[PDB]
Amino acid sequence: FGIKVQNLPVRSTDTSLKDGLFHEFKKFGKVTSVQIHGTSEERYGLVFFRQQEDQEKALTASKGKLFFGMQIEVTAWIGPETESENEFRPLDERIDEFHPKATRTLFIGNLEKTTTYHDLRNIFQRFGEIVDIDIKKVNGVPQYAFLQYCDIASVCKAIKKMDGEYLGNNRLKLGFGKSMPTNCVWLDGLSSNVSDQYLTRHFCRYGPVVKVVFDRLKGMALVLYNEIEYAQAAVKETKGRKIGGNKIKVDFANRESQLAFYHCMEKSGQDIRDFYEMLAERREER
């Protein structure tokens, strides 16, 4: 039932603005209260209406409205339930593994101060193999975390099940986290008939491919470059597309992700030894 009025003149006193806002907005209907919350240019007014019909009239009619010489910006003041709906409504079904924002990284926002790595593993290990978890502090205290899984499906499942669920006193705000750019591309969804020849030749369009590491039991591959920029181009240009001849999932792979990938191939008996790498080891021993 309130509106929020921004871009008020800094030379006016709080009282002047309070009285002015009241006088201006009472024209739309009965006004319940007017509050000024400073200061300077973050200074804004709240005008509360008895009837929501009046609030709507005032919002609709005050687009590009001049007030005390200023083109004020006036928006609905969001009540707690509407905001909860805003901040927690069911995710759009368009959001799946192939969405341009989808990554292997779960953003976990709204953490409480006391949040521990053990808590996060306890809730989020159910949705997939965790590669790493990084809790970050905002202004000094834990506020959010990046939790990286081995694939994208796991992030989607975690979001679906846990978004808006409480952890301690706080509702989790889950989403796709951006992944830090690296020089290594990760691909998922490759048929076992895809050849290394094809992958190397295809990804060479983005720059010289240092090597490809194809886990053919899992249908995943690393495509490694010597430049972060090439991997960035490969990721960006591959995101929408088919890599022969299936819609592919694609992300960056950081060091921890690569290590997990290699271990997994070793455990399954797939060779990860590389030509140029052995040559290097030969070089050192000389």
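The first residue of the sequence shown is number 1, and the count goes up from there.
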Quick one: higher average CA temperature factor, 32-40 or 253-261?
-> 32-40
If you average the Cα B factors in the entry, which is higher, 76-84 or 204-212?
-> 76-84
Out of 173, 104, 94, 157, which shows the largest CA B-factor listed in the entry?
-> 94
Residue with highest C-alpha B-factor in the PDB entry, from 181, 189, 100, 109 = 100
Could you say whether, by C-alpha temperature factor, residue 167 belongs to the lowest, middle or highest third of its chain?
-> middle
Looking at the C-alpha B-factor of residue 15, is it in the lowest, middle or highest third of its chain?
-> highest
For residue 234, return the chain-relative third of its C-alpha B-factor as stated in the PDB record: lowest, middle or highest.
-> middle
For residue 50, return the chain-relative third of its C-alpha B-factor as stated in the PDB record: lowest, middle or highest.
-> highest
Residue 139: CA temperature factor from the record, placed by chain third, in the highest
